[PDB]
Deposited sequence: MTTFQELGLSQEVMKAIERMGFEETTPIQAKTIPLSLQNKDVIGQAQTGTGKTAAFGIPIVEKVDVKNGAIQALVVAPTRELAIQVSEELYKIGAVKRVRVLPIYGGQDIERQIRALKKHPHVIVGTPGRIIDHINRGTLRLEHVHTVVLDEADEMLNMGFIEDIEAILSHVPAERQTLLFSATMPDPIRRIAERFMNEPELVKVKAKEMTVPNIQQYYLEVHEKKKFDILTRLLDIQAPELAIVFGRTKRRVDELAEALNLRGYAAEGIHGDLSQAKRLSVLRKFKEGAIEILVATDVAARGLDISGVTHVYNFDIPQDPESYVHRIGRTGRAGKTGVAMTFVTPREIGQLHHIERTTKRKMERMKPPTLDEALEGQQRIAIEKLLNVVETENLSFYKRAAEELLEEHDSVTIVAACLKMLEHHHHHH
């Protein structure tokens, strides 16, 4: 179905991501978008709408031109990172250079990345408008603007208007949103030219929990959960590189097998980490949203949102890392008091209510390691020259003392 007029540099980055047949949103919007028409894609994730706009953007970029040629606006750092990561991969062969721009990061680190002359900017409105006022972001060669998850950017409206004021009047504009509230309509009328609407009609396999916890408490609740649930393979999502690094390190110092992945790592390093995770050489991948989509690993049984993803679309992709191929998944999201609203908004958007889970106490965690060791132990005997050594050992110490000591060692990480 991906038999459109697509180049080979694109068709080949696309197959490496496993893209075979097109979804409706892609089937319908890509031709119009390749004809350079303004497009409004009404569809939820994950109908493939991200690739629906990512492909035409990479297709129309000239990698020889060192200017920013496309701008994608996203509501949150989480979505900016996920979308950039997907566009990056779409434009890897052609060597299209994508740079995420968002809040909460050192703006200097962003000035620095800008010098490398990215082709596609995907960013947050407040932060984009920020770089704009300082001349570090120059948008005179932008001829493609995408507004993505636009209903989430409905404050933002004023920044979006100011951003568009700096972009050439002559340009292709694309807007993607699950719902179309009339302020979206207003955007379309004023900034888009003859837009074509493409609407697609809107898994219970993932169990979804949240926990209300203070920041200072998150780490111990995490390790306690890990002690109780002992996941085969888990992903812990965090908000920043630093938090992901510190989290992986803290876990490793507690004896868990964990590694961090984020945007500052080289392609070489991230592939190495993903290999280690895939093969289960580590039990726990700690990650930013750079690892929320298209991982091609099927054994993840638990996802922990150490830091709540701010927008529903990023949330959905994060938890969908588990529950792959019909098998049951567990998703747990840590919510600070001030984030309860964001959590409720996520629930109303997915139409799936989450179950509140009580944070485990240290005692419950301890009892948990005990229950797991005891049961692994019973299985050993049940299903499979150890006895004489047991005899000689029991010859000089009480059997309770011996087994107690065995359990202490067994339960240790």
Check: Which segments of the deposited sequence lack C-alpha coordinates in the modelled structure, numbering from residue 1?
Finding: 1 to 3, 158 to 159, 208 to 211, 394 to 396, 426 to 429
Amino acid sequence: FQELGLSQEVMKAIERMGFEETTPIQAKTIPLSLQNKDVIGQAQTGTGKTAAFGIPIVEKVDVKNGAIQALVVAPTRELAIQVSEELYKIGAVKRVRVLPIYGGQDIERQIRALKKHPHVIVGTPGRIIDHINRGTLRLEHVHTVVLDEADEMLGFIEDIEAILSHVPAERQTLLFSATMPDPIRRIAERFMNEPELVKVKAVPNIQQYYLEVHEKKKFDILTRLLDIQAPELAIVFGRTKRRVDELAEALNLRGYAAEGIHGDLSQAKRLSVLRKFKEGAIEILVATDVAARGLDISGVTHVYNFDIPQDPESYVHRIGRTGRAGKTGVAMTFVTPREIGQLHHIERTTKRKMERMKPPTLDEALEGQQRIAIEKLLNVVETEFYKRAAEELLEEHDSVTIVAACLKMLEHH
From here on, numbers count along this sequence of modelled residues.
Check: Is the mean CA B factor in the deposited entry higher across 20 to 28 or across 385 to 393?
Finding: 385 to 393
Note to self: Per the record, averaged over C-alpha atoms, which has the higher B-factor: 129 to 137 or 224 to 232?
What the structure shows: 129 to 137
Note to self: According to the Cα B-factor stored in this entry, which of the following is highest: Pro204, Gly238, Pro75, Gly341?
What the structure shows: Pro204
Notebook entry, point to check: Considering only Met357, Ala70, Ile40, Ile374, which residue's Cα atom bears the greatest B-factor as recorded?
Noted result: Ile374
Check: Lowest, middle or highest third of the chain for the C-alpha temperature factor of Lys199?
Finding: middle
Item checked: Within-chain third of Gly260 by Cα B-factor, per the entry -> lowest
Next item on the list: Determine, from the deposited record, the chain-internal third of the Cα B-factor for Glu313: lowest, middle or highest.
Entry: lowest
Checklist line | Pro183, C-alpha B-factor rank within chain (lowest, middle or highest third) | finding: highest
Note to self: Please place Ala291 in the lowest, middle or highest third of its chain according to the CA B-factor in the PDB entry.
What the structure shows: lowest
